[PDB]
Amino acid sequence: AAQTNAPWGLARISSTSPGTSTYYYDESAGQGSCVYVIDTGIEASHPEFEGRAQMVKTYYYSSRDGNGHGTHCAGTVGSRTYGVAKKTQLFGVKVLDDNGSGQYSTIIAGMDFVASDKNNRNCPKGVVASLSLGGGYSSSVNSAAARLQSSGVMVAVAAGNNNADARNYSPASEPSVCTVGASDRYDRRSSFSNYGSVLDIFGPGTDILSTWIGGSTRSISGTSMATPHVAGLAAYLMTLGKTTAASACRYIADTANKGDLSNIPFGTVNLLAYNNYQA
């Protein structure tokens, strides 16, 4: 399948070179997989989700995305026009308030919730979790992400936007989950993207067009935007049977575009998420 005039990020993950405009992908599109978007919520009503998005848990007086961040992230995972895995099931877990903030105790609870709730869901091709969030180093937050991964979920987390070593941020610094840095459309490291040995992979993160609340769209930037590219790619690959939750991060690193990015500091991987689709 091919999507003409796709957002640059989608074209990027189906090409070996930057600058193209078509997203090439296998028509299975992540059908039968599930991605939990652990964020500010999802506007499940948005036409771009086509009925495939639903809230399953909230930690605040409402389950609505009153911010947009989580809807944008969910859109990059699986919306029809802006999403990597266009037939995946999307589940919303609102651990962040409508200012985009949340306590670590709430984020940990949301992660433990997903580890259990996936046993309530029909996800025959496997389960992914996308965490476009983080703060300073916490052993407890890192452990929560490691438990979620251990329970059989492919965990993808943002490296952070501090232009610093992600070793000092959580859950970015957890070794057993997939930590995602951000690149721009010219294959440069995004100016804000964290870096360091704990990163596993880069994804498109600068000027990413996706869904927004109120049934709209917008382009924003962040490692928050790169993480759902990798999460959706994992769900796409698990539907294709090419990997599993336990191995997807390594498989994506195995099959990434290598050495294509500029301004990668010494000791940080030079790997860019890539679907290696051959029509």
# chains A, B, ... in the order shown; residues from 1 in each chain; ligands from 1
>>> closest_atom_pairs(of="region 247-279 of chain A", to="region 142-156 of chain A", cutoff="9 Å", atoms="only C-alpha atoms", output="tab-separated table")
residue	atom	partner	partner_atom	distance
A:247	CA	A:154	CA	8.1
A:248	CA	A:154	CA	6.8
A:249	CA	A:154	CA	7.6
>>> residues_around(residues="residue 227 (chain A)", least_positions_apart="2", cutoff="8 Å", atoms="only C-alpha atoms", output="PDB file with N, CA, C and O atoms, in the first residue's frame")
ATOM      1  N   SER A 130       3.032   3.240  24.414  1.00  0.00           N
ATOM      2  CA  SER A 130       3.747   4.434  23.977  1.00  0.00           C
ATOM      3  C   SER A 130       3.685   5.466  25.103  1.00  0.00           C
ATOM      4  O   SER A 130       2.591   5.866  25.512  1.00  0.00           O
ATOM      5  N   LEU A 131       4.853   5.857  25.632  1.00  0.00           N
ATOM      6  CA  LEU A 131       4.972   6.757  26.786  1.00  0.00           C
ATOM      7  C   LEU A 131       5.751   7.995  26.337  1.00  0.00           C
ATOM      8  O   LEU A 131       6.984   8.057  26.438  1.00  0.00           O
ATOM      9  N   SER A 132       5.018   8.982  25.832  1.00  0.00           N
ATOM     10  CA  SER A 132       5.594  10.283  25.501  1.00  0.00           C
ATOM     11  C   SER A 132       5.556  11.176  26.743  1.00  0.00           C
ATOM     12  O   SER A 132       4.820  12.160  26.829  1.00  0.00           O
ATOM     13  N   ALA A 156       7.751   1.693  24.491  1.00  0.00           N
ATOM     14  CA  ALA A 156       8.522   2.748  23.848  1.00  0.00           C
ATOM     15  C   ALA A 156       8.342   4.035  24.642  1.00  0.00           C
ATOM     16  O   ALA A 156       7.203   4.433  24.916  1.00  0.00           O
ATOM     17  N   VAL A 157       9.457   4.683  25.013  1.00  0.00           N
ATOM     18  CA  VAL A 157       9.434   5.886  25.846  1.00  0.00           C
ATOM     19  C   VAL A 157      10.266   6.985  25.197  1.00  0.00           C
ATOM     20  O   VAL A 157      11.248   6.720  24.499  1.00  0.00           O
ATOM     21  N   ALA A 158       9.869   8.231  25.460  1.00  0.00           N
ATOM     22  CA  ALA A 158      10.582   9.397  24.940  1.00  0.00           C
ATOM     23  C   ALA A 158      11.914   9.616  25.655  1.00  0.00           C
ATOM     24  O   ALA A 158      12.009   9.480  26.876  1.00  0.00           O
ATOM     25  N   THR A 179      14.007   3.377  24.270  1.00  0.00           N
ATOM     26  CA  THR A 179      14.104   4.827  24.450  1.00  0.00           C
ATOM     27  C   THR A 179      14.366   5.513  23.110  1.00  0.00           C
ATOM     28  O   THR A 179      15.341   5.180  22.424  1.00  0.00           O
ATOM     29  N   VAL A 180      13.544   6.518  22.784  1.00  0.00           N
ATOM     30  CA  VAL A 180      13.431   7.074  21.432  1.00  0.00           C
ATOM     31  C   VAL A 180      13.875   8.537  21.434  1.00  0.00           C
ATOM     32  O   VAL A 180      13.247   9.377  22.090  1.00  0.00           O
ATOM     33  N   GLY A 181      14.950   8.845  20.678  1.00  0.00           N
ATOM     34  CA  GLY A 181      15.321  10.223  20.394  1.00  0.00           C
ATOM     35  C   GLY A 181      14.611  10.749  19.135  1.00  0.00           C
ATOM     36  O   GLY A 181      13.944   9.990  18.423  1.00  0.00           O
ATOM     37  N   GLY A 203      13.445   8.458  15.997  1.00  0.00           N
ATOM     38  CA  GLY A 203      12.308   8.571  15.112  1.00  0.00           C
ATOM     39  C   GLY A 203      12.044  10.024  14.770  1.00  0.00           C
ATOM     40  O   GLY A 203      12.554  10.939  15.424  1.00  0.00           O
ATOM     41  N   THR A 223      10.525  14.727  21.399  1.00  0.00           N
ATOM     42  CA  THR A 223      10.706  13.276  21.460  1.00  0.00           C
ATOM     43  C   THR A 223       9.375  12.602  21.748  1.00  0.00           C
ATOM     44  O   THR A 223       9.213  11.409  21.452  1.00  0.00           O
ATOM     45  N   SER A 224       8.413  13.360  22.290  1.00  0.00           N
ATOM     46  CA  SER A 224       7.036  12.881  22.391  1.00  0.00           C
ATOM     47  C   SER A 224       6.466  12.489  21.032  1.00  0.00           C
ATOM     48  O   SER A 224       5.586  11.621  20.964  1.00  0.00           O
ATOM     49  N   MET A 225       6.906  13.144  19.950  1.00  0.00           N
ATOM     50  CA  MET A 225       6.401  12.848  18.613  1.00  0.00           C
ATOM     51  C   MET A 225       7.142  11.693  17.966  1.00  0.00           C
ATOM     52  O   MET A 225       6.593  11.010  17.091  1.00  0.00           O
ATOM     53  N   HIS A 229       5.970   7.082  16.572  1.00  0.00           N
ATOM     54  CA  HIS A 229       6.454   6.499  15.326  1.00  0.00           C
ATOM     55  C   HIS A 229       7.006   5.105  15.578  1.00  0.00           C
ATOM     56  O   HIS A 229       6.668   4.153  14.870  1.00  0.00           O
ATOM     57  N   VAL A 230       7.845   4.971  16.608  1.00  0.00           N
ATOM     58  CA  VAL A 230       8.445   3.682  16.931  1.00  0.00           C
ATOM     59  C   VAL A 230       7.402   2.717  17.487  1.00  0.00           C
ATOM     60  O   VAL A 230       7.390   1.531  17.126  1.00  0.00           O
ATOM     61  N   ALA A 231       6.493   3.204  18.346  1.00  0.00           N
ATOM     62  CA  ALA A 231       5.437   2.345  18.887  1.00  0.00           C
ATOM     63  C   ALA A 231       4.550   1.799  17.773  1.00  0.00           C
ATOM     64  O   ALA A 231       4.246   0.601  17.734  1.00  0.00           O
TER      65      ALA A 231
END
>>> closest_residue(among="A:161, A:176, A:170, A:4", to="residue 193 (chain A)", atoms="only C-alpha atoms")
A:161
>>> closest_atom_pairs(of="region 191-273 of chain A", to="region 59-78 of chain A", cutoff="6 Å", atoms="only C-alpha atoms", output="tab-separated table")
residue	atom	partner	partner_atom	distance
A:210	CA	A:72	CA	5.3
A:211	CA	A:72	CA	4.8
A:212	CA	A:68	CA	5.2
A:213	CA	A:68	CA	5.2
A:228	CA	A:77	CA	5.0
A:232	CA	A:77	CA	4.5
>>> atom_distance(atom1="CA of residue 103 (chain A)", atom2="CA of residue 222 (chain A)")
20.3 Å
>>> atom_distance(atom1="CA of residue 115 (chain A)", atom2="CA of residue 90 (chain A)")
15.2 Å
>>> closest_residue(among="A:89, A:119, A:268, A:105", to="residue 167 (chain A)", atoms="only C-alpha atoms")
A:268
>>> residues_around(residues="residue 52 (chain A)", least_positions_apart="2", cutoff="10 Å", atoms="only C-alpha atoms", output="PyMOL selection string")
chain A and resi 34+44-45+47-50+54+78-80+86-91
>>> decode(residues="region 22-33 of chain A", atoms="N, CA, C and O atoms", output="PDB file, in the first residue's frame")
ATOM      1  N   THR A  22       5.926   9.888  -0.014  1.00  0.00           N
ATOM      2  CA  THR A  22       5.005   8.761   0.063  1.00  0.00           C
ATOM      3  C   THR A  22       5.395   7.829   1.206  1.00  0.00           C
ATOM      4  O   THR A  22       6.580   7.558   1.420  1.00  0.00           O
ATOM      5  N   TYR A  23       4.389   7.347   1.932  1.00  0.00           N
ATOM      6  CA  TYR A  23       4.558   6.323   2.962  1.00  0.00           C
ATOM      7  C   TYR A  23       4.166   4.973   2.356  1.00  0.00           C
ATOM      8  O   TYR A  23       2.988   4.745   2.049  1.00  0.00           O
ATOM      9  N   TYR A  24       5.149   4.081   2.192  1.00  0.00           N
ATOM     10  CA  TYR A  24       4.926   2.732   1.668  1.00  0.00           C
ATOM     11  C   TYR A  24       4.811   1.752   2.828  1.00  0.00           C
ATOM     12  O   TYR A  24       5.638   1.775   3.744  1.00  0.00           O
ATOM     13  N   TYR A  25       3.799   0.888   2.787  1.00  0.00           N
ATOM     14  CA  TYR A  25       3.549   0.043   3.946  1.00  0.00           C
ATOM     15  C   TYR A  25       2.667  -1.137   3.563  1.00  0.00           C
ATOM     16  O   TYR A  25       1.871  -1.060   2.625  1.00  0.00           O
ATOM     17  N   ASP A  26       2.817  -2.229   4.308  1.00  0.00           N
ATOM     18  CA  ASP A  26       2.009  -3.419   4.087  1.00  0.00           C
ATOM     19  C   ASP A  26       0.582  -3.186   4.579  1.00  0.00           C
ATOM     20  O   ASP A  26       0.369  -2.696   5.695  1.00  0.00           O
ATOM     21  N   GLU A  27      -0.394  -3.579   3.751  1.00  0.00           N
ATOM     22  CA  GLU A  27      -1.800  -3.259   3.983  1.00  0.00           C
ATOM     23  C   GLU A  27      -2.353  -3.833   5.279  1.00  0.00           C
ATOM     24  O   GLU A  27      -3.423  -3.391   5.717  1.00  0.00           O
ATOM     25  N   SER A  28      -1.667  -4.808   5.899  1.00  0.00           N
ATOM     26  CA  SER A  28      -2.106  -5.311   7.203  1.00  0.00           C
ATOM     27  C   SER A  28      -2.199  -4.193   8.237  1.00  0.00           C
ATOM     28  O   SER A  28      -3.074  -4.226   9.118  1.00  0.00           O
ATOM     29  N   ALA A  29      -1.291  -3.216   8.157  1.00  0.00           N
ATOM     30  CA  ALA A  29      -1.411  -1.947   8.892  1.00  0.00           C
ATOM     31  C   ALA A  29      -1.597  -2.144  10.394  1.00  0.00           C
ATOM     32  O   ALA A  29      -2.317  -1.382  11.046  1.00  0.00           O
ATOM     33  N   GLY A  30      -0.973  -3.171  10.972  1.00  0.00           N
ATOM     34  CA  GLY A  30      -1.133  -3.363  12.404  1.00  0.00           C
ATOM     35  C   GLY A  30      -2.472  -3.897  12.860  1.00  0.00           C
ATOM     36  O   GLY A  30      -2.767  -3.849  14.063  1.00  0.00           O
ATOM     37  N   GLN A  31      -3.302  -4.408  11.947  1.00  0.00           N
ATOM     38  CA  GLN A  31      -4.553  -5.026  12.364  1.00  0.00           C
ATOM     39  C   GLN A  31      -4.278  -6.183  13.325  1.00  0.00           C
ATOM     40  O   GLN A  31      -3.325  -6.945  13.150  1.00  0.00           O
ATOM     41  N   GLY A  32      -5.099  -6.290  14.370  1.00  0.00           N
ATOM     42  CA  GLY A  32      -4.924  -7.315  15.381  1.00  0.00           C
ATOM     43  C   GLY A  32      -3.963  -6.971  16.507  1.00  0.00           C
ATOM     44  O   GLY A  32      -3.911  -7.710  17.509  1.00  0.00           O
ATOM     45  N   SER A  33      -3.198  -5.890  16.376  1.00  0.00           N
ATOM     46  CA  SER A  33      -2.355  -5.400  17.459  1.00  0.00           C
ATOM     47  C   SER A  33      -3.088  -4.323  18.262  1.00  0.00           C
ATOM     48  O   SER A  33      -4.136  -3.807  17.854  1.00  0.00           O
TER      49      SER A  33
END
